[PDB]
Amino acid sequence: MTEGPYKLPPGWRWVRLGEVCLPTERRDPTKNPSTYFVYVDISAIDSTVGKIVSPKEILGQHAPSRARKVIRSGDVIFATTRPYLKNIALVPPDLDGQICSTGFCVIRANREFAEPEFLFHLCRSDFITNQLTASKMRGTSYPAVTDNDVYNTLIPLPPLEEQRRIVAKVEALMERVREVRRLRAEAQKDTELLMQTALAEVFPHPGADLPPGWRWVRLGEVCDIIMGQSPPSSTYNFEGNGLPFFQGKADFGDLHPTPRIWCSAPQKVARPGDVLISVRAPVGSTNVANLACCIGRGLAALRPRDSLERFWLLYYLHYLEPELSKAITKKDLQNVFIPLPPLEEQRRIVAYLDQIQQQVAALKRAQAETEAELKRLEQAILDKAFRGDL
């Protein structure tokens, strides 16, 4: 209504960006051929945080044709090409009187109405991007975004004092985001070390001391071992005839293999529970069977006897992966020594390792890629800022 795009706190007002900007000028550095100037092009900007980080000092003689807009301390420069990339930055004082590409719209705050830092953060918002119509679907001969298009966008305008307060809150919030990323990185490192340390303790070299009552056994003693075989070609089908067939490591998923092809003549069978292990090319890699299935040349299946927990075996094989990864013969597998606690202690220790393993996995995923996390979290902060909610 009278409220504009959305309702602002008391005392704020809606204006076009241009209404709080000043005129800007151009200069041809080639007119002082022996004079160095500093040039800010698109490549000079880190779009993730909106900072001029790599401008180039250039001899006037060699000024690029786009090098014509004079920038001043506190200007915001806003690329009119691909605006969604956020090549948008605040000009520091060291760059006063230097030059940026004509590809930037130069937004110079009229300090009677707007703080440069407030304009900078405002201009990084999707709220501005989303107003630039020439960025949306284009028909024949539609012009690209112009400087006037940018100056014409609507912006919420608090009093100067509140602008400065909002700038401080936005910058502090963004710094906390960085702090958390660093912390996560540290946790990832320490948690991985924890897992590695825990496995090394419970899985000592054969013959090493084990708590009384544990025994060193050969896997063959507490595990049925089945070497996979290639059935006759022509017994494979996709009609669900027989059992899913897994040739080798390639046919393994994150934890369990997913059925792709069947074999009507199941030769070597693995059941739910059994651990699958690659005995071929990438030796030692592991999965667990979740369905009755059959295995080929590339796999062995290990079926724990009653004195051995599936997951104790799995952790051990994973811990041994570097050794196992130098084919693998039945006798090899049967001859592997494993320390064997009573079932209750295997389960107690597996519960502990499971907690760490889940934490390592979570920490791995919780670290989002940098450019995306920073740009989209920035946007969520700006949305709060420009509604008056900070």
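Don't overthink the numbering: it's just position in the shown sequence, from 1.
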{"property": "Deposited but uncoordinated residues in the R348/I349 interval", "result": "none"}
{"property": "Entry-level comparison of average CA B-factors, 192-200 and 111-119, reporting the higher stretch", "result": "192-200"}
{"property": "360-368 or 60-68, whichever carries the higher mean Cα B-factor", "result": "360-368"}
{"property": "Highest recorded Cα temperature factor - choice among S125, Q163, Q131, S230", "result": "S230"}
{"property": "Identity of residue with top Cα B-factor, from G74, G103, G253, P159", "result": "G253"}
{"property": "Entry-reported Cα temperature factor of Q355, expressed as the chain third it lands in", "result": "middle"}
{"property": "B-factor third for the C-alpha atom of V38 within its chain", "result": "lowest"}
{"property": "Ranked against its chain, the third holding the CA B-factor of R303", "result": "middle"}
{"property": "Third of the chain's Cα B-factor distribution that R178 belongs to, per the entry", "result": "lowest"}
{"property": "Within-chain third of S325 by Cα B-factor, per the entry", "result": "highest"}
